[PDB]
Amino acid sequence: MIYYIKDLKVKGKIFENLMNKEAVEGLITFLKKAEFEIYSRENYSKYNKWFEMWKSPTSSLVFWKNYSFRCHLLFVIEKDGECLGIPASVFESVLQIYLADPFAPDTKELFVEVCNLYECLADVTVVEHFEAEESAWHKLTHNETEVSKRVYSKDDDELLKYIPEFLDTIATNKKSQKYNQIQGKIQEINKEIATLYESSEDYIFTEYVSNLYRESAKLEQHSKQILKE
Amino acid sequence: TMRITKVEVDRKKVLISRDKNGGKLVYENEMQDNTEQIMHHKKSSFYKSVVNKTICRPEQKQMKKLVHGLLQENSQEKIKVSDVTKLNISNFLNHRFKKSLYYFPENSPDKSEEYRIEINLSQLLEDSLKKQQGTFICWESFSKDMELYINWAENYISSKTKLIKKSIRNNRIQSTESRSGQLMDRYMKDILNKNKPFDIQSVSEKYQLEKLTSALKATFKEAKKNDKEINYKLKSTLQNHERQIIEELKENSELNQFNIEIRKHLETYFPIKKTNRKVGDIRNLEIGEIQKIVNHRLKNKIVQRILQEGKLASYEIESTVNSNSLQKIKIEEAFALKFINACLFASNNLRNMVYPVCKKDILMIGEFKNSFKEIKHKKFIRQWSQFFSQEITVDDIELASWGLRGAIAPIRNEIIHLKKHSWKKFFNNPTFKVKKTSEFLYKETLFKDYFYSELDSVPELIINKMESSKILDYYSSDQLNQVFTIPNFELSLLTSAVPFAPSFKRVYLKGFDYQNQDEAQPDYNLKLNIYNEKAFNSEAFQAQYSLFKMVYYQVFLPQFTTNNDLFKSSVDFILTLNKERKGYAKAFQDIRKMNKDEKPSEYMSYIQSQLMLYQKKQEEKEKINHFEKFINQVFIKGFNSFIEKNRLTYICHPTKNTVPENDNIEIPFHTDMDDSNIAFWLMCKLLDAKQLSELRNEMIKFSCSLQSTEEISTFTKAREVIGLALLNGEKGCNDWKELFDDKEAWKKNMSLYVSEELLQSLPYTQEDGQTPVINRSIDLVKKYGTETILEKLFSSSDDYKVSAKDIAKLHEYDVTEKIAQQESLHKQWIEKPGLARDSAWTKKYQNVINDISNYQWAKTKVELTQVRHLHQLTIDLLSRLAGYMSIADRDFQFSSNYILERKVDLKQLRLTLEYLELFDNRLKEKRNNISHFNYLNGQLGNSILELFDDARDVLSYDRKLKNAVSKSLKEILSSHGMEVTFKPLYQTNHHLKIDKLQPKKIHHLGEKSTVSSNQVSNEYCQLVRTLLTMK
RNA sequence: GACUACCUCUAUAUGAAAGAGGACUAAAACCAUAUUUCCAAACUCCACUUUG
């Protein structure tokens, strides 16, 4: 993952320096302990149902980045089917998520800046390519790793039914065989590089260290292919 | 719908043509009323807007094509009858729908129970698909039951297309036929007759504003309020209030105008169409303050009414004011404003030569005599040797100071007066008067020999300029003869005859970007070969960058910009390179091809006009400026074809030589400037290089809009005088003892910035012993003003000066190696982008990037370069301040001469102006010491940030100019690499006070990264905020 | 919204004047700077930001 979110003012508390794995995970656990009530009369049975599968531990969140014109669609997939979805503006309004400084010169709006938060919350993001008016593919991905597929003929309804099948294949590959052996080689290489630096801080400049990084990169690339299998 | 204008309709663009008799929608170069049939072809987009106006925001893709084929016949296709039925219709419908919508027909007269029409779209759609019994819905059958909805949309399109069409035709210039136009006219005549136009307290009782603003607060203070929703239900409460007072909104026209101003205040501070970003304040909508503001933004429309037809009385076009001639006034005032601000900076330098303490207009004839009386005579000779390369005697300082102010005054007095100009007889100035009156010519004056010692030294300024950049060291003498001996090209002082011509560093840096490319995609190959290197910290590169700079400016630009064939052949390459590949997404699609027998100044006058007409539309949506990268590629491909058709392609290979060549470089040069340009030259010698370059850019925009064939020859002769003053520019003295009289007066002065035993060193003495060396930014400050200001700055703290650890910081590391590594590491990141996620690697890169930034602030601090940066920053603040005070000076003649058109007559003029609370004597005081650069003359009085507080007491006249003063301070400082934050204005008694000042960050190595660097330093920012807050 | 614009026209006074227009009016952008930010390509029409 890449832990990089902008300062966010959430329900009166400001979270800053969210550029590490410890400050992002302190923000996600704040969001699930944050209490709420939902006001709508048409969507009482829908929105309160969405914040129950998500709260439950055995649930997978799907982001689906730019679903409509200005609309993101967070989907929760339960362990046995049951895919529901709300707009991401409903999610921000129930949990009162803002930007802490919206007028800094290095910021954009919440429709652009919140995508960093949502790619740390979700497991899968979906981004349609829309090749010349009509669609082309869906481009699935995992967020823990970066294994990216590309659904070709699946419809929006068809695609959701494929994401539990997309998650099963990636998890099984990681658990055993090639991933265990390939990961070990990368760890050994990193240790050698780490030790190399320790003797001399100037080892990074040398070609021998540069050549070692190329080997590590190749191993990582080979490792993703095992997960896609 | 969204864009009536700036839109292709019949493969033709649309413009609006305003007139005093009405508005008019027209194509591009035509004049006909096409407002009927442009508005009729703009109707397939009303259908596309209504489909979005009936559908909900998580757009179900198949409810979006049921509706679009029920209205349009071609749009309708086929869909499964079962698929729409499976979904729930109410969830996907718009908020206006999902319940019962009621409307009245357009044709129906009045409102009755029978006339109103009821539609339940969710219920209506459900029953129609119940009758549909087929695999796919059959269009004739489904549509027939949809008739109650199709009649709604036809009514909606036809009524909204009729309000827009009425809005265009009534949009005339200086209207007196409209409601709100007649009302403004009525209030304007009750001020010239010094009366009271309106009473806020009595119009707020008819409006019942006590009943509002407590229901506005009862919604804002309502329990369980949401900041995502509060602006939308503060909107509904205001609308509910109007509904109750509606009987006298239609019959008063000032209770109506009172409503529009309170409608408009409510969406600037509680916005509904503006990307909210912030919580509004309950301070903002309270009784007493909401009617303080309405009085303030209804008087603003009266003042903008007066000066808009004081403008129509200065130019005698109050009955024939067209959309074109307002656009023509806008151009000639862009040049006149730019030309005034360079006559005020040259008047500043003529102040410092004669008498630095005068705070009035020295270019007044009589007050110059009182300023001439007190001259320190030893300073004037030393000052004259800096602006001019020649030495003056004691007997000649009676007559050279009247020759200078006679070069500014007859030009500066003609330009200020808002009237018709004759630009011939604007640049002649044969004589100047000397009173003690005896009018002397300029031809027989001392200044004549400052030309033929000046125009004839052009071939040696080029040779001595080349030695400074070490061009001769890295190139042979036979390889510079063939760059000045080319046929037709012949080293002109002109730069470019076409507006919006790029600079060289924009061309060379971006031309590097098209040649060196990843070569992995459908390449946008421009076939480039000379944009080879970017290694600015070498010296072989620094010789070829400087030789390419003056081949381009002094030879290539004059020929390329005036050859029809040369310019067209480069435009035709760029157009056929873009629209000859697969797909519809092509950027230079709607810009036309250059005609034959068309001058290059007439094609780029079209590119200028398209760039400015499409600027509002390109900023509604986040669109890039494709005209800026079009102007790039024409000039990038143009300078490559020049350097290869001619054999000058060895410039890409410097190859430092060892054999000393004692050979001569002969260049040809001729110029037909007669001795009538010998008064505009004297103004250009009093300007800085930045001022000269930017007045030349504005002079070519105005020259490409004139019609007469002479009086363009007037401008292209004055434009060559600018380029002859940029050749000298920054000569400076070479002998030490011509700027200081002693070794101790030097050592006293230079120890204001290093103040130590460090003056007997290698960077501060010549090479050996105790002979001084002069600093090129320490007399650059003496030449202009700023010398008593920067001495006050560095005398505040002793950490500002150069200390012993700063020179010791220049021997810590090699520095060149750090830059070599920073380059090698960066290059690697491109092939392996996963190095960014390697903590150990990014921790090293950051360390190497810090060692560069710390060394270069130490390199600049030691050589006192940062004194030059402060001087440049200081000039750009005082001149932008002076650009606002000359807009207020124009508005005084647009409102005063309208009163005179309606001390015998001067008594009745000013007594009106204190009834409007216009330009006072306390504002003319503040408008004088800004426009006359009186911050520079030592004694402070008020700081720089208290001058920007003075600028918005003068310009509080209108909010367009008042709001933009503080937006311009933040942009000048952001150009110099900083930020500024400003503690709030309601807490600091409406003054500008710095909340935070920080260096701008650069964000190396990707987009979601934390490796960054400061654009200047933390030590410079502290130095900068002590210049802003300094009395 | 000083920064985080302003002005003109538009009345079925509401699904809303919550609409269009502006080189027309301002600010920017463009311009002869001292060096680190990889870069290239990316037509047009239409939504309009609300737990309703």
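Residue numbers (the numbering used here), protein chains in the order written: chain A, 25 to 253; chain B, 250 to 1280.
All residues carry an ideal CB built from backbone N, CA and C; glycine is no exception.
Cβ pair residue i, residue j closer than 8 Å
{"i": "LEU710 (chain B)", "j": "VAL800 (chain B)", "result": "no"}
{"i": "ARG267 (chain B)", "j": "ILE366 (chain B)", "result": "no"}
{"i": "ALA1137 (chain B)", "j": "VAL1203 (chain B)", "result": "yes"}
{"i": "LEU108 (chain A)", "j": "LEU123 (chain A)", "result": "no"}
{"i": "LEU935 (chain B)", "j": "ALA595 (chain B)", "result": "yes"}
{"i": "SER954 (chain B)", "j": "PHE964 (chain B)", "result": "no"}
{"i": "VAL171 (chain A)", "j": "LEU183 (chain A)", "result": "no"}
{"i": "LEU145 (chain A)", "j": "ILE52 (chain A)", "result": "yes"}
{"i": "residue 1281 (chain B)", "j": "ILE1243 (chain B)", "result": "Chain B is shown from 250 up to 1280; residue 1281 (chain B) falls before or after that span and cannot be answered."}
{"i": "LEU97 (chain A)", "j": "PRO307 (chain B)", "result": "yes"}
{"i": "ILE121 (chain A)", "j": "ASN197 (chain A)", "result": "no"}
{"i": "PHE346 (chain B)", "j": "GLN309 (chain B)", "result": "no"}
{"i": "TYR723 (chain B)", "j": "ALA789 (chain B)", "result": "yes"}
{"i": "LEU743 (chain B)", "j": "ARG526 (chain B)", "result": "no"}
Residue interval of the alpha helix (DSSP H) (run including residue i)
{"i": "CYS1270 (chain B)", "result": "1267-1277"}
{"i": "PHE809 (chain B)", "result": "806-809"}
{"i": "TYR398 (chain B)", "result": "396-418"}
{"i": "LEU944 (chain B)", "result": "938-952"}
Min CB distance residue i to chain A below 8 Å
{"i": "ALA1089 (chain B)", "result": "yes"}
{"i": "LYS674 (chain B)", "result": "no"}
{"i": "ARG306 (chain B)", "result": "yes"}
{"i": "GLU1228 (chain B)", "result": "yes"}
{"i": "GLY1083 (chain B)", "result": "yes"}
{"i": "residue 1285 (chain B)", "result": "Beyond the ends of chain B as shown, which are 250 and 1280, falls residue 1285 (chain B); an answer cannot be given."}
{"i": "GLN1070 (chain B)", "result": "yes"}
{"i": "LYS477 (chain B)", "result": "yes"}
Status (buried if at least 16 other CB within 10 Å, exposed otherwise) for residue i
{"i": "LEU1158 (chain B)", "result": "exposed"}
{"i": "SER1088 (chain B)", "result": "exposed"}
{"i": "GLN1115 (chain B)", "result": "buried"}
{"i": "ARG1176 (chain B)", "result": "buried"}
{"i": "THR284 (chain B)", "result": "buried"}
{"i": "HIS289 (chain B)", "result": "exposed"}
{"i": "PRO917 (chain B)", "result": "exposed"}
Cβ of residue i within 8 Å of any chain B Cβ
{"i": "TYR203 (chain A)", "result": "no"}
{"i": "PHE229 (chain A)", "result": "yes"}
{"i": "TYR237 (chain A)", "result": "yes"}
{"i": "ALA124 (chain A)", "result": "no"}
{"i": "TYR91 (chain A)", "result": "yes"}
{"i": "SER234 (chain A)", "result": "yes"}
Residues bridged to residue i [DSSP beta-bridge criterion]
{"i": "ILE121 (chain A)", "result": "A:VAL34"}
{"i": "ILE265 (chain B)", "result": "B:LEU274"}
{"i": "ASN204 (chain A)", "result": "Its beta-bridge partners do not exist; DSSP assigns none."}
{"i": "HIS166 (chain A)", "result": "A:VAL148"}
{"i": "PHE689 (chain B)", "result": "B:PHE681"}
Continuous beta strand (DSSP E) stretch holding residue i: start and end
{"i": "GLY109 (chain A)", "result": "107-111"}
{"i": "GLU367 (chain B)", "result": "366-368"}
{"i": "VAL100 (chain A)", "result": "97-102"}
{"i": "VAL543 (chain B)", "result": "Per DSSP, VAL543 (chain B) belongs to no beta strand (DSSP E); it is in the alpha helix (DSSP H), 539-557."}
{"i": "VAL86 (chain A)", "result": "83-86"}
{"i": "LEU1254 (chain B)", "result": "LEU1254 (chain B) -> no beta strand (DSSP E), and no H or E assigned at all."}
{"i": "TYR237 (chain A)", "result": "Segment 231-252 is the alpha helix (DSSP H) holding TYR237 (chain A); no beta strand (DSSP E) there."}
{"i": "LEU350 (chain B)", "result": "350-352"}
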